[PDB]
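In the order they appear, the protein sequences are chains A and B.
Positions 11 to 201, 271 to 459 (the deposited numbering) are the ones given, in order, by the first sequence.
In short: position in the second sequence from 1, add 1, done, that's the deposited numbering.
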Amino acid sequence: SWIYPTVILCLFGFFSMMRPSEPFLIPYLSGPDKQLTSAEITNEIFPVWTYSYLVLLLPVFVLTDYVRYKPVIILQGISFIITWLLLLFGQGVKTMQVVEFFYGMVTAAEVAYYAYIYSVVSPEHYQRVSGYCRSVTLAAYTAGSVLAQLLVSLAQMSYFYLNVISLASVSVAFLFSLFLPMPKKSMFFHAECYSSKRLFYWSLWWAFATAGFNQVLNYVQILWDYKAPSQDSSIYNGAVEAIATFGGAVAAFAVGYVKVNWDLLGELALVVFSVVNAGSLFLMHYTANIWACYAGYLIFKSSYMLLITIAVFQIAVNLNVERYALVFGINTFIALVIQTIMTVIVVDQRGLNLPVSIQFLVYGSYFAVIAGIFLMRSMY
Amino acid sequence: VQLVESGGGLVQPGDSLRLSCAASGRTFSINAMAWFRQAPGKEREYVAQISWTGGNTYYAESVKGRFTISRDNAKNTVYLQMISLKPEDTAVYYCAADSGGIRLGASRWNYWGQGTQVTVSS
Ligand SMILES: Cc1ncc(C[n+]2csc(CCO)c2C)c(N)n1
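In structure tokens form, the structure reads like this:
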């Protein structure tokens with residue numbers, strides 16, 4: 011009884027996230043197709059993603075519950091098509107700002123994908139099923155990225171004939187998204272805890288750390304293109320993304336295998352791996368060798384993902400399934416309020432308008448200041 | 002926008018040139034203007050760019066350091082200043098005015114100029 015909704019919910023998850031041209035985005039943008047100056051991408055287009063993502067988060071979170079979780083899933087499917095239909099033919103600098111906004115709906119509606127299964131699957135097969143619908147996404151992204159650097163290198167497929175394949179992939183996602191059973195009970199609508276010492280402190284790092292992780296992911300392909308232009312030398316942005324994603328996936332699984340009490344050795348394991356993220360972000364900025372810059376991304380994603388798993392594990396030890404959403408819903412919002420404050424000052428055109436050359440000395444110093452205040456706070 | 006180019010001519014090597022582009026007709030919305038170039042028996046080649054709202058520029062790697070592009074929003078014209086010319090720069094230059102708005106198309110540059118003849122020789 012639990013296999014039909016999950017089989018079609020996993021098929022939708024795999025196809026939607028099997029997008030080959032996620033890595034080859036900025037090489038595609040600032041190329042001979044939609045030639046855009048790197049100053050028109052790092053300070054006018056990309057920042058809009060965090061502005062629209064922040065705005066369309068609470069309205070979508072509340073909407074997902076009132077109207078049962080599926081209608082929002084379809085909306086994410088439609089926004090996937092609109093985003094890649096403008097990314098194919100839409101040209102200009104103003105048309106790309108619209109694309110970023112529609113990618114806010116695509117990413118902000120991801121809450122209704124993971125939370126849907128709770129309302130249609132029996133409560134016993136909730137962690138079993140949740141793993142199935144979460145590992146398929148990682149296997150889809152890793153499989154897609156490997157294919158991107160398999161057609162661009164061995165098959166010679168232009169960067170345009172990856173948005174066509176990406177469009178077909180997401181276009182088939184919105185064919186299974188019409189077949190999920192319609193839930194009949196929501197969590198809050200149709201169905271003080273922060274005072275705990277651990278749930279607040281362990282949420283502060285989750286909110287702050289994930290705020291910088293999203294920013295680094297956004298303005299990273301510009302750094303690769305800056306240290307080695309795509310029109311002059313070969314770019315392995317697909318293999319690097321695939322290896323980094325696999326590195327994070329195995330790292331998160333490792334935390335779920337070792338049995339160590341993350342209470343006496345929890346804070347130390349988060350200061351130490353936060354230093355590694357600060358140390359490996361100066362490398363991406365201080366190193367001229369493009370290969371070293373790839374390794375800096377490889378270590379950062381693998382190291383950071385080893386901490387979001389500890390923080391998520393420590394946050395969720397007493398909360399119910401009915402409390403994760405509004406305890407992981409605030410943090411995913413407070414994390415964005417930090418990102419918008421940082422993007423406005425550091426990146427936005429009206430702010431400091433810092434280029435990408437000097438930006439990573441701030442992100443690399445951002446994670447070195449989330450270490451002193453969570454290590455100098457432990458005072459006796 | 003009806004871009005008109007002028008200022009072409011044959012110059013001995015090491016002689017600069019200034020090329021203007023009297024953009025006119027719908028100049029309220031021209032969010033860029035990037036000169037191009039088409040050498041004899043070749044294809045159009047990027048040569049410069051200048052934003053209209055601000056002044057951000059982006060020159061081609063080969064031509065950077067001698068080619069200076071400056072907007073003149075008062076009169077709408079866009080000037081390309083070139084120094085240290087050589088007989089390998091003989092080509093024809095074209096403007097390309099990115100009008101603006103939400104559009105679907107094949108090329109970012111909506112409207113194009115006619116073309117000015119530059120013939121470096123001696
Ligand atoms: C059209 C568009 N697509 C994606 C992003 C954000 N983004 C780009 S790459 C990446 C991680 C994978 O490399 C993320 C989150 C954006 N701002 N605009």
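Ideal Cβ positions, reconstructed from N, Cα and C, are used throughout, including at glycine.
- The beta strand (DSSP E) runs lying completely inside the segment 103-166 of chain A and spanning 3 residues or more number zero.
- DSSP places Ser-71/B inside the beta strand (DSSP E), whose first and last residues are 69-73.
- Close partners of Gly-102/B in chain A (Cβ separation under 9 angstroms): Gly-102, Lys-104, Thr-105.
- Residue pairing by DSSP puts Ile-51/B in a beta bridge opposite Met-34/B, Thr-58/B.
- In the pairwise beta carbon analysis, the segment 54-63 of chain B is classified as not touching the segment 4-11 of chain B: fewer than three pairs are separated by under 8 angstroms.
- Contact of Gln-50/B with chain A is assigned, a C-beta pair being separated by under 9 angstroms.
- Assigned with DSSP and collapsed to three states, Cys-96/B falls in coil, not helix or strand.
- Scanning chain A for C-beta atoms nearer than 7 angstroms to the C-beta of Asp-73/B yields nothing, as the closest lies near 20 angstroms away.
- Ranking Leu-161/A, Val-174/A, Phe-90/A, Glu-346/A by CA distance to the CA of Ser-187/A puts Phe-90/A first.
- A distance criterion of 8 angstroms places the beta-carbon of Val-435/A beyond contact range of ligand 1, judged by its closest non-hydrogen atom.
- At least 9 angstroms separates the beta-carbon of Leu-39/A from that of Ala-118/A.
- For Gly-100/A, the secondary structure class from DSSP, reduced to helix, strand or coil, is strand.
- Taking CB atoms only, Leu-105/B has a neighbour in chain A less than 9 angstroms away.
- A distance criterion of 8 angstroms places the beta-carbon of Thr-93/A in contact range of ligand 1, judged by its closest non-hydrogen atom.
- Ligand 1 never approaches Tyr-305/A closely enough for any of its heavy atoms to be under 8 angstroms from the residue's Cβ.
- Residue nearest to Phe-198/A within the set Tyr-76/A, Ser-26/A, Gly-451/A is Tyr-76/A (criterion: CA-CA distance).
- The shortest CA-to-CA distance from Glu-46/B to any of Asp-90/B, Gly-106/B, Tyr-112/B, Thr-120/B is the one to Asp-90/B.
- Comparing C-alpha distances from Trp-94/A to each of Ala-290/A, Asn-410/A, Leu-35/A shows the shortest one belongs to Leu-35/A.
- Annotated three-state conformation of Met-83/B is strand, per DSSP.
- For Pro-15/A, same chain residues with a beta-carbon under 8 angstroms away, outside a window of 5 residues either side, are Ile-127, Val-130, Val-131, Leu-190, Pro-191 in chain order.
- Under the Cβ criterion of 9 angstroms, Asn-57/B is counted among the residues facing chain A.
- The beta-carbon of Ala-33/B is placed less than 9 angstroms from the nearest beta-carbon of chain A.
- Distances between the C-beta of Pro-37/A and the heavy atoms of ligand 1 are all 8 angstroms or more.
- Annotated as proximal: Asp-304/A and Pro-37/A, with beta-carbon spacing under 9 angstroms.
- Under the Cβ criterion (8 angstroms, minimum of three pairs), the segment 355-363 of chain A does not count as touching the segment 409-419 of chain A.
- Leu-68/A and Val-82/A have their alpha carbons spaced roughly 13 angstroms apart.
- Identification of chain A residues near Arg-109/B by a Cβ-Cβ cut-off of 7 angstroms yields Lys-44, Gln-45, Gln-101, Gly-102, ordered along the chain.
- For the pair of segments examined, the segment 147-157 of chain A was found not to touch the segment 97-106 of chain A: the number of CB pairs separated by less than 8 angstroms stays below three.
- Rounded to the nearest angstrom, the Cβ distance from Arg-29/A to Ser-168/A is 16 angstroms, too far for a contact under 8 angstroms.
- Residues of the segment 402-436 of chain A with a C-beta less than 9 angstroms from any C-beta of chain B: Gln-428, listed in chain order.
- For the pair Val-2/B and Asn-111/B, the CB atoms are nearer than the 9 angstroms cut-off.
- For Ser-382/A, the uninterrupted alpha helix (DSSP H) segment begins and ends at 369-394.
- Looking at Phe-292/A, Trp-281/A, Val-448/A, the one whose alpha-carbon comes closest to that of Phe-392/A is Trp-281/A.
- Membership of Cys-272/A in any alpha helix (DSSP H) is not indicated, and neither H nor E is assigned to it by DSSP.
- Cβ atoms of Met-384/A and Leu-302/A stay farther apart than 8 angstroms, at about 20 angstroms.
- Relative to ligand 1, even the nearest heavy atom lies 8 angstroms or more away from the CB of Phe-379/A.
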